[PDB]
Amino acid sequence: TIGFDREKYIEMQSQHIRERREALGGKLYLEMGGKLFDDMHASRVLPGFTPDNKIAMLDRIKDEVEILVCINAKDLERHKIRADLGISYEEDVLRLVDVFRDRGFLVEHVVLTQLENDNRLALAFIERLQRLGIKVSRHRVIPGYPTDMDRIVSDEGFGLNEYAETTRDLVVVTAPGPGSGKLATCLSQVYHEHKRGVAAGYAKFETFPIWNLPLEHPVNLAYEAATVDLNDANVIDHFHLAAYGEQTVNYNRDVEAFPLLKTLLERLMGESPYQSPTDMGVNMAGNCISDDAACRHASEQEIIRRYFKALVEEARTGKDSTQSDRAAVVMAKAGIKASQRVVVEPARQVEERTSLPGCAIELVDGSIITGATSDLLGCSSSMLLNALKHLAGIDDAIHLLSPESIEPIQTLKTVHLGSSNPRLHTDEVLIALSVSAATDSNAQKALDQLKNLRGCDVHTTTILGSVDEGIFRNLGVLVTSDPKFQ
């Protein structure tokens, strides 16, 4: 079931953004915190929110939007790798430039922040961006930032930065990751705009946490589960509560950094338009939840997944249990147990009764199908075949794997590869199923059902090898594992 109104969000969020820039005098510099194109978390947590949803929102107001990309000069020189896509910050900029241009957005400004020694790596980067039509501004390390208010709002502070001559009244400031100077750029650009007589302002866009959902709401709790540091931990926005008497949710980093930002905005704009970091924000995501219970369920399931993710990561690295302990605190605050992920206990029951690794899946149906380790099959392979048989309406005692589709694999494994265990992994079972599908109707009926395993939850009692992890990712199944090896 779906609990987020995608279309309302596109209309409401983009309109709120437009309303904010009118209130700030006609031009807006908007800091985007987080992922713009691939927010899989938000898609699992707010069912109906597409991974691309923030981009589809901007798409509605595309003709009023400019994209500006920030990048730290140290991140160009350290060759800082972004963990998600596995590329350098340098390459991630160019990838952001053309992907926005693919979908028709105006991108003509890259700001190079924290520029120290000018360098040769950076010189080679400026001209590479000049050939692609984009003008690149040089921004400096501002003396006495963020405390020396007199120095900052002066030509000895923000005046050191080259002003990016933006064309449209709504500038969307984004970056490969944190530490890129987005806020600093936004505030610098506002300063220069005020020197030009152009009334301008700053605001922030972030999907999580949701200011107008309770701190104890599963959606907000699931965000805490998706985060590493205490800096990201949700708190009551005490600035908002002192000013208005209304309870809202922000987080440690932005609450800690607000008082210096408020002073900074006061000097840049006469008085501050914001009493709280809640006011500073622009997020309409909470107003577009169309089924609260569905989102509660979805994000409670996200929390449990995060706990097992952390345990498996800790087991692989040999790290202490910092991350899994934090996720357990979140579980306690949500009032949920790990048993509430319905594939956990049946998978363990299989391992109990067999003394061998176990496995369970929950179909779209709702049915729990398990898998067990045998001579022929590993438990995940066994789980796959059993699930495929169930939603193909195939009888439980029907074999759908030819002997001559099995023999060539096991012969290779034992005679040529020297494997003492002839158990088939998830990849080799699927191959043997696909070979069986040449002559068997049952096997073909089974194969056609692989596409229906998307979004389904799986628990295993042991940590999966690289092969099984691969296949389950390709089919789009969400896997958790008990943190044990084989």
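Numbering starts at 1 and follows the sequence shown.
Between 368-376 and 111-119, the higher mean Cα B-factor belongs to 111-119. Comparing the deposited coordinates for 79-87 and 314-322, the stretch with the larger average C-alpha B-factor is 79-87. Highest CA B-factor among 458, 30, 46, 443, as stated in the entry: 443.
Taking the PDB entry at face value, the top CA B factor among 192, 182, 217, 267 belongs to 267. In this PDB entry, the Cα temperature factor of residue 454 sits in the top third of its chain's modelled residues, the highest group. When the CA B factors of the chain's modelled residues are split into thirds, the value for residue 466 lands in the highest one.
The entry lists a Cα temperature factor for residue 199 that places it in the highest third of the chain's modelled residues.
The deposited CA B-factor of residue 64 belongs to the highest third of values across its chain. Per the PDB record, residue ranking by Cα B-factor puts residue 24 in the highest third of the chain.
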